[PDB]
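Have a look below at one chain only, the form deposited in one PDB entry, in structure tokens format.
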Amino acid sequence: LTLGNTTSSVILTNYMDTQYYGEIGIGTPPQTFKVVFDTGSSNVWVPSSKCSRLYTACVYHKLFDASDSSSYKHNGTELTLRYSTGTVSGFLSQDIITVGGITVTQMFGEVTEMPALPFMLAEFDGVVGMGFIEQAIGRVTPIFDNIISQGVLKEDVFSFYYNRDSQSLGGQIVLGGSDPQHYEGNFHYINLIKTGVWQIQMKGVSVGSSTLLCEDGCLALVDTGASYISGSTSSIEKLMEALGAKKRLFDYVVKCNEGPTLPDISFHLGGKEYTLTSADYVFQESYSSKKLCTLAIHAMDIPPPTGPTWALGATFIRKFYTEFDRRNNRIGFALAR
């Protein structure tokens, strides 16, 4: 392991408080893609020019053309990548990737099968996995491991800032450090249960003053690629009953006029309570008694080995600026500015 002095940053675009994406350049000359930086996965993928136009998601997204890149190195190995909302498949390729002004030779997936549900809803083209090699499909070296290998970064850390929707900064990723302009106070660290996954121990979930859930302890995946806070179907049913929310097909809702009256939700992580008020978890679209307002908390049954687990996504990161520490296998949280 080599350390330099360089800190690099990627400006993110906030789409509806659900999608935070930045830009990467792939190839020579660079082909630009809108990408989500996901701590819950470890593969890099973008849609391929080899994607059949009968996949409508491929008509609506930027496609990587290897035939236009002079730095491209063929691989051809087939791979399937499974997410919570859907699945993508294609093959592996190698090329130069630029992310925050850091140029790295990276093995990535060229997606040839991209389903309209959910990919037509995606403002981003692809994904940049910020997880560990242990989660990488095809044991492909992740981009952050390749960036560490260069020995340019001041520290083996990366930090996430997700803003509240607005013509301001959507968010920001710092490679090799943190940005003090985006947090206040000091970081409180929670060690990873084990290397290989950005997952920490959770000591309890409170609805108001009472610790209703996770009383005997549970898991919390700190996931930048997840839009919401998620728990198991069972945990979410208890949580929603306590809030007074109604289950719909894809989400939970409350009558808009009752959004501001909902109790605080607290997450016990390390030696601290991480509290979200209703303003932090309700999509307060109106105050009308004749309208339904969505919550930024969903049921998600994450399969083993990673799951059953809670996932602390954009809902959580908006309130708490997050530092992912590779050198010490820990996650730091500080109050976001």
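Note that residue numbering follows the sequence shown and begins at 1. Throughout, rigid core stands for the largest set of C-alpha atoms superposing within 1.5 Å between the two forms. Only residues modelled in both forms are compared.
The same protein has a further form, the form deposited in another entry, not shown here; the description that follows concerns it.
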- Task: State which of the options 269, 282, 300, 57 undergoes a Cα shift of 2 Å or more between the shown form and the other one, taking the core as fixed.
- Result: 57
- Message: With a threshold of 2 Å on the C-alpha, tell me if residue 85 counts as moved between the shown form and the other one once the core is superposed.
- Response: yes
- Does residue 314 show a Cα shift reaching 2 Å between the shown form and the other one after rigid-core superposition? no
- Core-superposed C-alpha of residue 24 shifting 2 Å or more between the shown form and the other one: no
- Message: Thinking of the 3 angstroms or more shift, are the C-alphas of residue 317 and residue 86 brought closer or pushed farther apart in the other entry than in this view?
- Response: farther
- Task: Kindly indicate if, in the other entry, the C-alpha atoms of residue 332 and residue 10 are closer or farther apart than in the structure shown, bearing in mind the change is 3 Å or more.
- Result: farther
- Three or more consecutive residues, each Cα shifted by 2 Å or more between the shown form and the other one after core superposition: list those runs for me in sequence order. 1-19, 55-57, 81-87, 163-165
